[PDB]
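What follows is one structure encoded as structure tokens, with my remarks underneath.
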Amino acid sequence: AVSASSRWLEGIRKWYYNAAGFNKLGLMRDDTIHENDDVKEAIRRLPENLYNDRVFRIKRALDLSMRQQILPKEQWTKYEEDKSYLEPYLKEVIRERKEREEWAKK
Amino acid sequence: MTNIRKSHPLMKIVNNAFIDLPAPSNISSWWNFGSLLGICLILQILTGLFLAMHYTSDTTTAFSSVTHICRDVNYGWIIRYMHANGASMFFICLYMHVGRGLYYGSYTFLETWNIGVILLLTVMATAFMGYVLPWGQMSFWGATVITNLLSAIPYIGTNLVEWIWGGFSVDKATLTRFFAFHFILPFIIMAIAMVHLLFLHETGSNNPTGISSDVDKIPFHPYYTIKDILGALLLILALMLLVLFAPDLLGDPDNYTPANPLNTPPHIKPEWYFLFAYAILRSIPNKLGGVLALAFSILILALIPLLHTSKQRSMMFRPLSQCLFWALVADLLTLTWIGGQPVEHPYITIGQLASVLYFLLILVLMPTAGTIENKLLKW
Amino acid sequence: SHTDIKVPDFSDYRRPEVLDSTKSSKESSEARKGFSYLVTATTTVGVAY
Amino acid sequence: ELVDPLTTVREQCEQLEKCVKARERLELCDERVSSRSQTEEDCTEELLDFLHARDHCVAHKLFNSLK
Amino acid sequence: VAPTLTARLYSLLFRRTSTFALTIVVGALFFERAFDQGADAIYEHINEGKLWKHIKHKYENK
Amino acid sequence: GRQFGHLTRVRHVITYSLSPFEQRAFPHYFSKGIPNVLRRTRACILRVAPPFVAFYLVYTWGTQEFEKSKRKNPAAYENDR
Amino acid sequence: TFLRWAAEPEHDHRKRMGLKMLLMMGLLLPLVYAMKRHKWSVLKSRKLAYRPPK
Ligand code: HEM
Ligand code: HEM
Ligand code: FES
């Protein structure tokens, strides 16, 4: 039972989202993810348009960290805009194996 | 591969485990230790050798000999301290190499981690015996209990202790044995290192961001070699200053008196890193149950990789984890000073206070952290 | 297309000797490099001692 | 003879307040002891207190005063 | 206009790596003979009459 | 596998760099660097210090707590009895 | 002093190199650090351009 507090939830979200530097390096949430098996084949199913763009920002990112410069704040990522592009692919790989995992139980 | 001089002995093609081993771009001076660790060790072997050259292990001899070393032996004063003080440096070199692993979650590599685990356990006893070798007052009494400690086994311990003794007491053969052990033992480690390393070549090193580095690599030789060279050179003074101007600082053991089984020291402590365990050791009144903890203390390191709780490896992006991380740091250092205290009532409480905290930090807090944070970013 | 590319300026990190656009870079190039090596060699004398 | 620099430097610091200040405590102890010394009481604990800062002053001075 | 010794030096020495290597030992030799000779004075300048070098003259060969 | 060849696949990136001689070892290392030192030092010092406080507190806290507890035998029980 | 020296006959000598090393010491550190930077110079001077024809 949360309505106004729901609205109150997002601040710390936005706050916590702003408490992690990768926002300030121009990253997103998805590329942050630690690898996994589902992660792997998920990568396969991406179109390049994202994929390449996924690449460059990363490559862009790393370089900056070499030189200890943080992106000029104007250009920091924005809590309003987060791209979930990973997960709609992710649920597939998660799903299907759960079957095999289960359908092979019995 | 036409006329490459690195083919002719194939051995040089094994060499390209280095010079073309690629590495990510961004690497902190945090990473310079793995290098140093091996280097801190090389020196050990040598100095730890030349000692023996004038050293004699005998109940009557060893002390007077070691006395004689800094006396009549050319530079017997530099060398002994090069050995001992150089030992100390190897520690703090080592822990950071650990600390890096955690704080970025480099432990994610399971086996390589485990090798480090065993690798760690090894090193301690070395120094331990190495510390008994002086046959000083403390060295006698220090091992005396620490060995007597193990008697808490309900059944098989009774024989087994005197067995490792080879006697009813600390007497001669119990010395001599250690010498061999303490002597051979590093070579074993050096071998193990080549295993520990080996897996790493499989998957390569990680980067501070906790992100796949695949897209960007570096030829190892022109660069990280250099930062190591300097990094190596960093070590020099660190020992040089201490070892030369003010020897006795971390030479905290005060006992140059012949070991006296009749006399007992009013204060009994191992040296520092030996204390923080021994601090926990002091805590529990139960003899057996206490030892059980001390064992369990370290080994949970290997457990930690079961605790990967989040979708991002490194802690640089998790404040709370980082908050937690630094929190634990102190809890140890306290115990250090605590174990550096006589067992008066606040300390008594204090250890009891700080003890359960320690695991609690690990065993409860840290896993739940990302769980929230995973949920927080809506991951 | 491809040719739309261009070189942005690195003059910053440079030092002034060849910084000019109209100069033969070779003028200092002799004296220019030797500074870099003179360091390198002198570093070694110490190591040797 | 020579009287030493010490005894002199002894006096210069004991001249300081906290010296005589706690020196009272010695007597505050002592006198009470003198009647009550049957009981465990001893002024040694305070003597050290008395002497502690006392020679902390005496520290710098006489080492110069000596040869 | 004359070349700064730098422009001389590489052309003279640093060009051929052997020479570049050769000089290294050369100065290093003269270096230490002068170098250590200086610090000890500075050293013994700092400690005066604390050392037999100064002290022992009081009683040395009577 | 073969380390430099096959790792990733990447297209339409461009890179530019100079001879190390072409440039300086300290392009305003002092002036321009000092701010960069400062700015990031606070991001940590937020999350770094707070525990270090706690020990030193407790360190002295217990220290005093230790002292008087020990130091003075005729403290609570004075030497009348 | 007498005993204090007795336990440390090496002492008054051991500072010689102690001095001697420090004089030597400041020389090397920057040189490397420079050459370090000198090599690294090309690294931290990189410039990326992402120009997918895309
Ligand atoms: C990881 C490398 C080493 C460790 C942890 C180690 C441990 C120690 C320690 C802690 C001491 C006490 C130093 C002192 O009391 O001044 C010591 C002394 C000694 N160690 Fe080792 N040592 C190492 C290398 C070696 C090696 C390779 C040898 C044999 C070749 C060796 C043989 C000795 C000897 C002969 C002493 C006698 C000096 C003494 O005990 O005081 N050490 N060792
Ligand atoms: C004498 C003890 C040790 C030596 C000589 C040693 C040596 C090394 C060296 C040279 C490296 C490569 C440098 C690097 O990967 O950063 C390395 C990597 C590593 N070591 Fe060990 N290490 C020691 C202890 C340990 C311990 C106790 C652990 C863990 C329990 C450990 C775990 C690792 C890990 C995880 C890496 C790879 C870290 C990464 O790539 O991010 N090491 N070690
Ligand atoms: S058994 Fe001797 S002190 Fe605990």
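Cβ atoms come from the backbone with ideal geometry, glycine included; neighbour counts cover every protein chain shown. Quick note: the coordinates plus some simple rules give every number you see, no bench work behind them.
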- Message: If neighbour count is taken as other Cβ atoms inside 10 Å, put B:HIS8, B:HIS83 in order from fewest to most.
- Response: B:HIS8, B:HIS83
- Amide H within-cut-off set for B:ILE218, under 5 Å, with H built and near neighbours excluded: B:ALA23
- Which is farthest toward the positive dipole end of the protein assembly as shown among B:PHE220, B:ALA52, B:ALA173, measuring Cα position about the Cα centre, with Cβ charges +1 (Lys, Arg) and -1 (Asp, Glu)? B:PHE220
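If R₀ is 60 angstrom, what is the calculated FRET efficiency for the pair B:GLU344 and F:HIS28, using the beta carbon separation as r and rounding to 0.05? Write down the numbers at each step before the final one.
Values: r = 56 Å, r/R0 = 0.94.
After rounding, the FRET efficiency stands at 0.60.
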- Message: Largest first and in whole Å, what are the equivalent-ellipsoid semi-axes of chain D based on the Cα gyration tensor, each being the root of 5 times an eigenvalue?
- Response: 29, 12, 9
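How many partner chain Cβ atoms sit within 10 Å of a residue's Cβ in peptide C:5-17, on average, as a whole number?
Per residue, the number of nearby Cβ atoms from other chains is 4 on average.
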- Average Cα contact separation per residue, chain B, under 8 Å, 6 or more apart, as relative contact order %: 25
- Note on the structure: Given unit charges at Cβ for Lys, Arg (+) and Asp, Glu (-), the dipole magnitude of chain B about its Cα centre in debye, nearest 20, is 700
- Message: So if I place +1 on the C-beta of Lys and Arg and -1 on the C-beta of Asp and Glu, and nothing else carries charge, what would the dipole magnitude of the protein assembly as shown be about its Cα centre? I want it in debye, nearest 20.
- Response: 3960
- Treat the count of other C-beta atoms within 10 Å as a stand-in for reagent exposure and order B:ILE79, B:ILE146, E:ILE42 from fewest to most. E:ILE42, B:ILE146, B:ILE79
- Message: Please compute the Kirkwood hydrodynamic radius of chain F from all pairs of different C-alpha atoms, in Å with one decimal.
- Response: 20.5
- Message: Please list, by residue number, everything in the stretch B:319-347 whose backbone N is under 13 Å from a paramagnetic label point 7 Å out along Cα→Cβ of B:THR368.
- Response: none
- Using the per-residue mean of other Cβ atoms lying within 10 Å as a proxy for protection, in what order, highest first, do the peptides B:183-194, E:50-61 fall? B:183-194, E:50-61
- Item | Distance histogram for the stretch B:313-364 (every C-alpha pair counted, 10 angstrom bins, percent rounded to whole numbers) | 24, 44, 23, 8, 1
- In what sequence, highest mean first, do F:5-11, A:23-29 appear when ranked by Cβ atoms within 10 angstrom? A:23-29, F:5-11
- Task: Once every Cα of the protein assembly as shown carries one equal point scatterer and solvent is ignored, give the base-10 log of I(q)/I(0) from the Debye formula at q = 0.07, 0.09, 0.11 Å⁻¹, two decimals.
- Result: -0.79, -1.22, -1.54
- Task: Compute the distribution of all C-alpha to C-alpha distances in chain G, in bins of 10 Å from 0, and list the percent of pairs in each, rounded to whole numbers.
- Result: 18, 20, 18, 15, 12, 9, 5, 3, 1
- Taking the Cα-to-Cβ direction at B:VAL195 and at B:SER29 and moving 7 Å from each Cα, how far apart do the two end points lie in nm? 3.4
- Note on the structure: Per residue of B:214-222, other chain Cβ atoms within 10 Å number on average 4
- Farthest positive-ward along the protein assembly as shown dipole, Cα basis, beta-carbon charges - from F:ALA49, A:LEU64, G:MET24: A:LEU64
- Given a cut-off of 11 Å, what percent of all Cα-Cα pairs of the stretch B:1-50 lie beyond it? 78
- On average over all directions, what projected area in square nanometres does chain E have, based on the convex hull of its Cα atoms? 7.5
- Note on the structure: Residues meeting the amide H criterion for A:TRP76 (H placed from the backbone, H to H distance under 5 Å, 5 or more places apart or on another chain) are none
- Message: To make sure I understand, if each residue's beta carbon is the centre and we count other beta carbons within 10 Å, what order do B:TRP272, B:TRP77 fall in, fewest to most?
- Response: B:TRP272, B:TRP77
- Query: the stretch B:239-377: Rg/Rh from Cα coordinates, Kirkwood Rh?
  - Reply: 1.08
- Note on the structure: A student asked for the Cα radius of gyration and Dmax of chain C in angstrom ought to give 16.9, 59
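Between B:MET53 and B:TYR95, how high is the FRET efficiency from 1/(1 + (r/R0)^6) when r is the Cβ-Cβ distance and R₀ = 35 Å? Nearest 0.05.
Values: r = 31 Å, r/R0 = 0.90.
Between B:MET53 and B:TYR95 the formula returns 0.65.
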- Per-residue HN-Hα couplings for the stretch E:20-26 [Karplus 6.51, -1.76, 1.60; θ = phi - 60°; Hz; x = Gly/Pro]: 3, 6, 4, 3, 3, 4, 4
- Item | Partner chain coverage, peptide B:12-18 - average Cβ within 10 angstrom | 0
- Item | Simple spin-label estimate for B:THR158 and B:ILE184 in nanometres, 7 Å along Cα-Cβ | 3.1
- Note on the structure: The correct pair for chain B, radius of gyration to one decimal and Dmax as a whole number, both in Å and from Cα atoms, is 23.3, 76
- Given C:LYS33/G:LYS36; A:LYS14/A:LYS59; C:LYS26/G:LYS47; A:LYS83/B:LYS217; D:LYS67/E:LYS50; A:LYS59/C:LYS6, which pairs have Cα atoms separated by over 18 Å? A:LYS14/A:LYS59; C:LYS26/G:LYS47; A:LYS83/B:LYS217; A:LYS59/C:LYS6
- Report, in debye and to the nearest 20, how large the dipole of chain F comes out about its Cα centre when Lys and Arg carry +1 and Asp and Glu carry -1 on their Cβ. 500
- Item | Whole-number D in µm²/s for chain A (Stokes-Einstein; Kirkwood sum over Cα pairs; 20 °C, 1.002 mPa s) | 132
- Message: Can you tell me which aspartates and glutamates have their Cα less than 19 Å from the Cα of G:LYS39? Leave out same-chain residues fewer than eight positions away.
- Response: A:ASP63, B:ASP20, B:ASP216, B:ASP228, C:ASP12, F:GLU22
- Query: Applying 1/(1 + (r/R0)^6) with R0 = 60 Å to the Cβ-Cβ distance of G:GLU8 and A:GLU48, what FRET efficiency is obtained, to the nearest 0.05?
  - Reply: 0.25
- Residue farthest toward the positive end of the dipole of the protein assembly as shown, with Cβ of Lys/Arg at +1 and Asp/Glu at -1: which of B:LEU94, B:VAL329, B:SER35? B:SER35
